[PDB]
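One structure is given here, and the rest of the page talks about it.
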Amino acid sequence: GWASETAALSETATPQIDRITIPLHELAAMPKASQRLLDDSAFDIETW
Amino acid sequence: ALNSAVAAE
Amino acid sequence: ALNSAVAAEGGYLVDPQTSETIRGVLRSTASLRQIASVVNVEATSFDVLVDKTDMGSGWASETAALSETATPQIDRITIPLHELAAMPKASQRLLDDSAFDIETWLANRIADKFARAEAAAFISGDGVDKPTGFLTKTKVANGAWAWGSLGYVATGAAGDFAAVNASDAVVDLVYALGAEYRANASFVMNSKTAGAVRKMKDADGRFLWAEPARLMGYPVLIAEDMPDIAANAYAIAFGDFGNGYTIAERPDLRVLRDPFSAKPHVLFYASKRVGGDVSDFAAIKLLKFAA
């Protein structure tokens, strides 16, 4: 508030804070590749 | 004295 | 830029000049401090050591075999040294915008009010929390005078001076006070007992008493705290207050500004501490109006 030349001047306010939690999940993919296919093909499927 | 609002004080 | 009389046509340019120092009403400063014994003391109390009796002398003969003689007994009177506090509340917006030095103005005014308020304690103050004045000191009629009391002489009629002869109670009040105490002794009255004394006159209409306004060659302290002429009042006192009344004090005016409790204000707390009662019971006589 402003002020009154004759006032109690009470405690006004204070920011009530909030905590936001970033949960930090994991992102995972597991593709299955055949041990035949990974060996006999000409293409580098392991890096593809 | 007291406050500056009311003149007589 | 026309005339200064009307405000609109150039009357706002004239900005009236304020005073140099903020004045005040000038109340009575006659406070018994200039007639009593002020002692600086940094303690809780003050103990005067008086002698309530005297020794003995011999006039020893040529062949006399002189024996013992008296040696006086000694009274300790304790000055309690109470404190006197005042705390006005002043606004910070005033103190920042109020070009007069408001802090030292309140300091002057608090010192004035303390010098005025300790006078009533010096004169008619009681025991608790303030100096015990000389009026509240268990008066015992003169002639039957012992050490633990103040003497008085009585005027006669109940609410006035004596009808047949006046100015006699005053003069045997003077000559019932002791020879050495009258070297520097003073009357203490107030401003409307002094008026009633000056209004007394002889049978012809001429007032019979002849800037300190002394009475019969003795100075007069115009107090404002002794009672006026009542039925059993003690309106006029007289004596050697420089030996009779001991004021004990600290000669400083302790000021603490308090910006925290009253938060938009400043709240100067100023307090000196001062005490005192009678020290020599023979040095003050009183005027009772009883009989």
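Labels used: A, B, ... for chains in the order of the structure tokens, numbers from 1 for residues in each chain, and numbers from 1 for ligands as shown.
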Practice item. Give me, as a list in words, the contact residues of chain B against chain C at a cut-off of 7 Å, counting only C-alpha atoms. Key: residues 1, 2, 3 and 4 of chain B
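For the pair CA of residue 45 in chain A and CA of residue 29 in chain A, the separation is 15.6 Å.
Comparing the minimum interatomic distances between chain B and each of A:14, A:41, A:6, A:47, counting only C-alpha atoms, we find that A:6 sits nearest.
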Check your understanding: Of the residues C:129, C:215, C:62, C:263, which is the one nearest to chain A, using only C-alpha atoms?
Key ->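 Ranked by minimum distance to chain A, first place goes to C:263.
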Within 8 Å of chain C, which residues of chain A show up when using only C-alpha atoms, listed as a PDB file with C-alpha atoms, in the first residue's frame?
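Wrote it out as result-v3.pdb, contents follow:
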ATOM      1  CA  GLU A   5       0.249  10.055   7.767  1.00  0.00           C
ATOM      2  CA  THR A   6      -1.417   8.323  10.739  1.00  0.00           C
ATOM      3  CA  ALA A   7      -1.572   4.554  10.396  1.00  0.00           C
ATOM      4  CA  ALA A   8      -0.652   1.202  11.875  1.00  0.00           C
ATOM      5  CA  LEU A   9       1.249   0.149   8.701  1.00  0.00           C
TER       6      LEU A   9
END
Check your understanding: Which residue gives the smallest distance to residue 44 in chain C among C:205, C:109, C:79, C:172, with only C-alpha atoms counted?
Key ->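 The answer is C:79, which sits nearest to residue 44 in chain C.
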